[PDB]
């Protein structure tokens, strides 16, 4: 005669904004439609009109209901515009009930899909920040006490057992303005250079905040009809790649810290090749004998960096790379994030020392490389990575000594000004610094920070299988510094 079950009360799921309160993920009211089959079986004359008004086949609908005859409840349609749901309600069919419900909407859409992520039909995070802060955002579902009837008639509620608690607002470190800039210029380059996938990260070197993270290809999380698993891949967090020549600045920092190297010291790279048993280190352009250390970067000499590494040892280079976070957990707690590989030897071989010095044998994510570069721009100080707005900045760790870090910044500044600039990479108005890298078709890498005299932004551009990165960097950096009203530092 009487039965007491418990239908839960959906919590309003917390708003996600960028730095500036711009909505990135919003709980939209919608309407589900369910029905008591036992109620529906007393109204079989009504089913064809209900099927029709649900776009479901008359005889399939009937079958669906017949074979759920003894079951108390089923879902008709989830997530109609409340009016669409209201029209179905007008039909006033016995047994057809509604529940109001929240469905997430993503106003920035594809622009920031990998960072924000998306929910599943339960309104429960299943990628990105939506999944990473699902606690914070979800809030406590309330519960209803009510009275059963012979086939599912609700009579009343005994008491409000649980008031539903809303989830909490979440403001990201992303600046949707810089995010849009990066999204756009990255996508142009992919097309302009005939390339397959991309990534671009922008970090605030002072606060640890990720200002922008974008990837190509990307998807529209509002329209997930055809899945395309490659498009949803948040590469900046997930693709480990080998970083190549963009770790030569940390090799160099190890050298300048050893006590044995200053930038005007000389290495002989004649003839542009070097052997270790069967392994042969090749430079890309081999018309050099003596180079100074700024020159080994400007001429992108693998032989020169390996010769410095042999003198100082791989252990020193490994230690600098580990202190900046290469191949180390970032603590972001983002879903399926990859740690990467930093190889360790008790006795490093000459071949293994050479490859590590020039970026091979280790694998990193773009977030790690950006973070390492941010540690270089802030003068050797690593502020912890953050994907949420940082109003009170945590203390940073000194991982490279400031004189050495300041010295490395200058060499990188000379890398952009004398050669590695004039065709691409010079950021107009500000002194920029950075290092290019080429990873096998190949993968095009560029990492750097700006402005050179009070560094603010660190940036990584990763572009795969092109038919390169330095313009993407130069353009995105230019606009990013302007969006932040960073006064130019290239002055008379």
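Positions refer to the first chain, counted from 1. Between two forms, the rigid core is defined as the largest C-alpha subset superposing within 1.5 Å.
Stretch 5-13 is the one, of 5-13 and 20-28, whose CA positions lie farther from the shown form in 7 other deposited structures of this protein once all structures are superposed by the rigid core. Larger root-mean-square CA separation from the shown form, computed after a rigid core fit of the structures in 7 other deposited structures of this protein, is seen for 81-89 when 223-231 is set against 81-89.
Unmodelled stretch separating residue 440 from residue 441: 10 or more residues (count of deposited-sequence residues without coordinates). According to the entry, the deposited sequence has 4 to 9 residues without coordinates between residue 467 and residue 468.
Across the two stretches, 362-370 and 329-337, the PDB entry reports the greater mean Cα temperature factor for 329-337. Between 136-144 and 292-300, it is 136-144 that carries the larger average Cα temperature factor according to the deposited entry.
Comparing C-alpha B-factors across 184, 168, 104, 278 in the deposited entry, the largest value falls on 278.
Taking only the listed residues 461, 425, 457, 60, the entry reports the highest CA temperature factor at 425. Sort the chain's modelled residues by C-alpha temperature factor and residue 10 lands in the highest third, per the entry. Residue 37: CA B factor in the highest third of modelled residues in this chain (values from the PDB entry).
When all modelled residues of the chain are sorted by CA temperature factor, residue 219 is found within the middle third.
Per the PDB record, residue ranking by Cα B-factor puts residue 353 in the middle third of the chain. Ranked by Cα temperature factor within the chain, residue 410 sits in the lowest third according to the deposited record.
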